[PDB]
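Enquirer: requesting a structural model of the entry that follows:
(2 chains, ligands or ions: 4)
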Amino acid sequence: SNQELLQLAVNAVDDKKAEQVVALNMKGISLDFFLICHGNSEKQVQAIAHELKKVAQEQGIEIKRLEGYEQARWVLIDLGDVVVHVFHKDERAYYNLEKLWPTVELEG
Amino acid sequence: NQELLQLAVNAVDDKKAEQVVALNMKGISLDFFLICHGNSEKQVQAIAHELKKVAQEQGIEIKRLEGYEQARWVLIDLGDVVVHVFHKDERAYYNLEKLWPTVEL
Ligand SMILES: [Mn+2]
Ligand SMILES: [Mn+2]
Ligand SMILES: [Mn+2]
Ligand SMILES: [Mn+2]
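Expert: Numbers count the residues shown, from 1 in each chain, chains lettered A, B, ... in the order given. Ligands and ions are numbered 1, 2, ... in the order given. Structure data below:
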């Protein structure tokens, strides 16, 4: 998709104070954008994931996937053209997210 | 194709890598992801090295190799095929579900 869903996800995630928000242009890589951020506690991680869900249902966007919400260590919210990854500051795969997957200059 | 994949499966097999699983990334990424694990950091490195050794014999170019020293999660980018050698105790290895069609062997 475009910055419309991405900005939609960035804001939602921003309203809940998600830290280190990073977008990835998954463009040439996957079959568009991957939004990454993290919470400092399992309660904060779920708050973020929920605001994204709440906002997604307001704008009428179909959530294709949502996994790891209960555990709140690595919540994946598939919004289609955009996929959000909300990690817990202590999640290890969150620091190895380098191996996996080109960023996107949000402010622009 | 199965040429590089079988090449990687064998290398990883010579070192006794356990729970070898191939993933068809067709229609997902821009070929094959291969996963397996070692029971110790020494075994994990043995596997990663056999892959490196085999890759240099066949003359295939290793694009990436990360986490070898730590031997908790070694990534060997062989191009069309990317191998992930985990340590049986690595957590991201049990959450590899979230991330992302299992190829037969
Ligand atoms: Mn698209
Ligand atoms: Mn509507
Ligand atoms: Mn917990
Ligand atoms: Mn160690």
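Enquirer: tell me who's in contact with the residue at the greatest distance from the centre of chain A.
Expert: Centroid-distance maximum for chain A: residue A:28 at 19.2 Å, with Cα atoms, centre = their mean. Shown in contact with residue A:28 (Cβ atoms under 8 Å, 6 or more residues apart in numbering or on different chains): A:102, B:30. For every residue, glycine as well, the C-beta is placed using N, CA and C.
Enquirer: can we see that at 7 Å?
Expert: Residues counted as contacts of residue A:28 (Cβ atoms under 7 Å, 6 or more residues apart in numbering or on different chains) are residue B:30.
Enquirer: the residue most central in space within chain A sits in which helix or strand?
Expert: Centroid-nearest residue in chain A, with Cα atoms, centre = their mean: residue A:84, separated by 2.2 Å. If you go by DSSP states H and E, residue A:84 is part of strand A:82-88.
Enquirer: name the nearest residue to residue A:11, ignoring sequence neighbours.
Expert: In this structure, residue A:11 finds its nearest non-sequential neighbour in residue A:55, 7.5 Å apart by Cβ to Cβ, 6 or more residues apart in numbering or on different chains.
Enquirer: tally of neighbours for that neighbour?
Expert: Neighbour count for residue A:55, taken as other Cβ atoms under 10 Å in any protein chain shown: 17.
Enquirer: which bits of chain A sit near ligand 1?
Expert: Chain A comes close to ligand 1 at residues A:32, A:81, as judged by Cβ under 5 Å from the ion.
Enquirer: so which residues of chain A form helices?
Expert: For chain A, the helices defined by DSSP state H cover A:3-15, A:42-58.
Enquirer: quick one: buried residues of the shortest one?
Expert: Within helix A:3-15, the residues that count as buried by 16 or more other Cβ atoms under 10 Å in any protein chain shown are A:5, A:6, A:8, A:9, A:10, A:12, A:13.
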